[PDB]
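Protein chains in written order, with the entry's author numbering: chain A, 76 to 190; chain D, 76 to 190; chain C, 76 to 190; chain B, 76 to 190.
Virtual Cβ for every residue (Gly too), placed ideally from N, Cα, C.
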């Protein structure tokens with residue numbers, strides 16, 4: 076109808092994607108793991124690798140093995156079909172008070188390790 | 076991937092649909108509003124009125140004017156195009172401890188006023 | 076842990092609250108219904124009617140009988156034991172692409188009948 | 076009021092909790108990581124180990140390093156303060172048609188590997 080209010084659930088725009096490197100014949104190096112995050116981000120979002128790098132803002136190869144990127148919830152669903160993907164999940168603050176996500180910083184294709 | 080775990084959020088299978096009867100020139104009676112709930116539920120789900128009456132579990136013509144039925148989110152979306160529909164919303168327990176929804180109980184057309 | 080990522084579900088900051096006036100002796104005028112919305116909003120937020128008027132942004136006395144205000148989930152929860160409150164639900168757009176909520180527009184007590 | 080229906084978002088009772096074993100000079104064996112899952116579960120739920128093992132239904136030391144257990148959202152929030160916890164999130168089906176969670180099956184200390 077003209078007055079219809081259809082419920083619209085809230086959504087998420089920060090997403091964490093983990094990957095499975097445990098079955099590799101030869102274990103990937105940390106930089107090889109990050110290269111694979113970049114390629115998977117581009118494959119899932121369907122953009123250039125340079126474009127995918129500007130969407131990513133953090134990743135880890137230690138505490139966990141995954142990356143974090145700005146994307147819509149609809150975009151996050153595109154990763155369900157990809158090889159090696161484990162968790163697709165909204166990112167949440169490790170420091171809610173300071174509004175900081177966890178992992179190492181990833182900015183402009185450059186990794187900054189964080190303790 | 077084979078072990079992908081996609082977070083989609085949880086699903087709702089109980090839906091409240093409220094109706095606007097404020098614009099018709101002839102004000103409807105209680106049983107006339109309930110008859111309109113049944114026909115709206117049938118039209119929106121694409122099923123017979125006899126079947127829609129089995130899906131419905133509560134309604135009101137006093138506290139509110141609307142009805143509640145078991146359906147999926149994909150099904151409830153289709154009510155957005157029907158005349159007179161106001162709110163389409165996941166239903167919630169009036170009495171969470173006893174897992175009770177609000178409104179009058181509706182049992183295949185037999186209606187019991189909630190104390 | 077210092078690297079714990081606790082899931083933070085998404086939330087809602089626009090809330091629709093409907094009212095039951097069916098039981099009352101003499102049916103309320105539209106202006107009386109709107110005054111009831113302001114008193115209820117003030118009580119649920121724990122503030123004055125003057126302050127609550129600034130939080131409201133829409134209401135209806137026809138299509139539905141309720142008001143809409145900006146508030147958090149924790150604030151919306153405080154309406155649950157107020158007299159005559161029926162539904163407490165997140166507000167959603169009647170026109171999603173244009174980001175417009177439904178009902179009549181409400182700005183500090185001045186209502187604009189939305190055609 | 077007696078008719079108030081407060082929008083209850085849907086609640087989660089299946090939770091995934093991952094762990095950080097990356098700091099240890101000598102990495103933990105699979106059996107040591109599983110034993111650490113049981114100890115974390117008991118400590119986070121505030122229950123005995125035997126009671127905690129009853130709540131657990133799946134885990135991994137390979138694809139990911141974590142366990143999944145029945146618990147309320149209020150209970151999972153308590154793991155945010157335990158050492159070595161990384162993710163706390165609601166579990167989701169790897170196969171939505173069969174309603175099966177991922178990871179190896181855990182039944183009270185018995186692990187059945189599932190590919």
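Measuring alpha carbon to alpha carbon, tell me which residue in A:86, A:82, A:156, A:105 is nearest residue 140 of chain A. As a working mapping, residue 140 of chain A is identified with position 65 in the first chain. Nearest option by C-alpha distance: A:105.
Determine whether the Cβ of residue 108 of chain C lies closer than 7 Å to any Cβ atom of chain A. The count along the third chain starts at 1 and reaches residue 108 of chain C at position 33. It does not; no Cβ of chain A falls within 7 Å.
Determine, for residue 146 of chain B, whether the minimum Cβ-Cβ distance to residues of chain D falls below 7 Å. Counting from one through the fourth chain, the residue named residue 146 of chain B turns up at place 71. For residue 146 of chain B, the answer is no, since every Cβ of chain D falls outside 7 Å of its Cβ.
What is the DSSP secondary structure of residue 165 of chain B, counted as helix, strand or coil? The residue you call residue 165 of chain B lines up with position 90 of the fourth chain. If DSSP states are grouped into helix, strand and coil, residue 165 of chain B belongs with the strands.
Taking the C-alpha atoms as reference points, what is the distance between residue 185 of chain A and residue 165 of chain B? Taking the first chain and counting its residues from 1, the one referred to as residue 185 of chain A is at position 110. Taking the fourth chain and counting its residues from 1, the one referred to as residue 165 of chain B is at position 90. Roughly 31 Å between the two C-alpha positions.
Evaluate residue 159 of chain D with the Cβ neighbour count: other Cβ atoms within 10 Å of its Cβ, from every protein chain shown; 16 or more gives buried, anything less gives exposed. Here residue 159 of chain D is taken as the residue at index 84 of the second chain, counted from 1. Its Cβ being crowded by 16 or more others within 10 Å, residue 159 of chain D is buried.
Return the Cβ separation of residue 108 of chain B and residue 136 of chain B in integer angstroms, given the expectation that the two are a contact with Cβ distance under 8 Å. One-based indexing of the fourth chain puts residue 108 of chain B at position 33. One-based indexing of the fourth chain puts residue 136 of chain B at position 61. Yes, residue 108 of chain B and residue 136 of chain B are in contact; Cβ-Cβ is about 5 Å, under 8 Å.
Along the chain, where does the alpha helix (DSSP H) containing residue 116 of chain A start, and where does it finish? In the first chain, residue 116 of chain A corresponds to position 41, counting from 1. Looking at the DSSP string, the run of the alpha helix (DSSP H) that includes residue 116 of chain A is 105–120.
Beta-carbon contacts of residue 113 of chain A that lie in its chain and below 7 Å, excluding the five residues immediately before and after: Residue mapping note: residue 113 of chain A aligns to position 38 of the first chain, counting from 1. 124, 127, 128, listed in sequence order.
Could you give the residue range of the beta strand (DSSP E) that holds residue 143 of chain B? In the fourth chain, residue 143 of chain B corresponds to position 68, counting from 1. Counting along the chain, the beta strand (DSSP E) containing residue 143 of chain B begins and ends at 141–145.
My assumption, with CB atoms under 8 Å, is that residue 78 of chain A sits in contact with residue 169 of chain C. Please give the rounded CB distance. Within the first chain, residue 78 of chain A is the residue found at index 3, counting from 1. Within the third chain, residue 169 of chain C is the residue found at index 94, counting from 1. 7 Å between Cβ atoms; contact.
Restricting to Cα atoms, I'd like to know which of C:181, C:145, C:171 is closest to residue 87 of chain C. Residue 87 of chain C sits at position 12 when you count from the first residue of the third chain. Of the candidates C:181, C:145, C:171, the one whose C-alpha sits nearest the C-alpha of residue 87 of chain C is C:145.
CB contact below 7 Å: residue 136 of chain A versus chain C: Taking the first residue of the first chain as 1, we reach residue 136 of chain A at position 61. So no, residue 136 of chain A is outside the interface.
Cβ closer than 9 Å: which chain C residues qualify as neighbours of residue 86 of chain A? Taking the first chain and counting its residues from 1, one reaches residue 86 of chain A at position 11. Chain C residues near residue 86 of chain A: 85.
Candidates C:132, C:76, C:94: closest to residue 156 of chain C by CA position: Taking the first residue of the third chain as 1, we reach residue 156 of chain C at position 81. Nearest of C:132, C:76, C:94 to residue 156 of chain C, Cα basis: C:94.
Which residues share a DSSP beta bridge with residue 233 of chain D? Nothing about residue 233 of chain D can be reported from this structure: the residues present for chain D run from 76 to 190 only.
Do you know offhand how far residue 151 of chain D's Cα is from residue 89 of chain C's? In the second chain, counting from the first residue as 1, residue 151 of chain D sits at position 76. In the third chain, counting from the first residue as 1, residue 89 of chain C sits at position 14. So the two alpha carbons sit approximately 22 Å from each other.
Identify which residue in D:80, D:153, D:100, D:97 has its Cα closest to the Cα of residue 115 of chain D. Counted from its first residue, the second chain places residue 115 of chain D at position 40. Ranking the options by Cα distance to residue 115 of chain D, first place goes to D:153.
Does any CB atom of chain D fall closer than 7 Å to the CB of residue 131 of chain B? For the purposes of this step, residue 131 of chain B is taken as the residue at position 56 of the fourth chain. No, because no Cβ of chain D sits closer than 7 Å to the Cβ of residue 131 of chain B.
Opposite residue 175 of chain B in the DSSP bridges: which residues? Translated into the one-based positions of the fourth chain, residue 175 of chain B becomes position 100. Looking at the DSSP assignment, residue 175 of chain B forms a beta bridge with B:170.
Continuous beta strand (DSSP E) stretch holding residue 93 of chain D: start and end: If you number the second chain from 1, residue 93 of chain D lands on position 18. From DSSP, the beta strand (DSSP E) with residue 93 of chain D extends over 89–94.
Starting from residue 187 of chain C, follow its DSSP beta bridges and name the residues at the other end. Here residue 187 of chain C corresponds to residue number 112 of the third chain, with the count starting at 1. According to DSSP, residue 187 of chain C bridges with C:180.
Pop quiz: residue 178 of chain B and residue 133 of chain B are said to be a contact at Cβ under 8 Å. What is the actual Cβ separation, rounded to whole angstroms? To locate residue 178 of chain B, count along the fourth chain from 1; it is residue 103. To locate residue 133 of chain B, count along the fourth chain from 1; it is residue 58. Confirmed, about 4 Å.
Determine, using beta carbons only, whether residue 142 of chain B comes closer than 7 Å to chain C. What you label residue 142 of chain B is simply residue 67 of the fourth chain in a count that begins at 1. Output row for residue 142 of chain B: interface = no.
Run of the alpha helix (DSSP H) containing residue 150 of chain D, from where it starts to where it stops: Along the second chain, read from residue 1 onward, the residue named residue 150 of chain D stands at position 75. Run containing residue 150 of chain D: 148–152, per the alpha helix (DSSP H) assignment.
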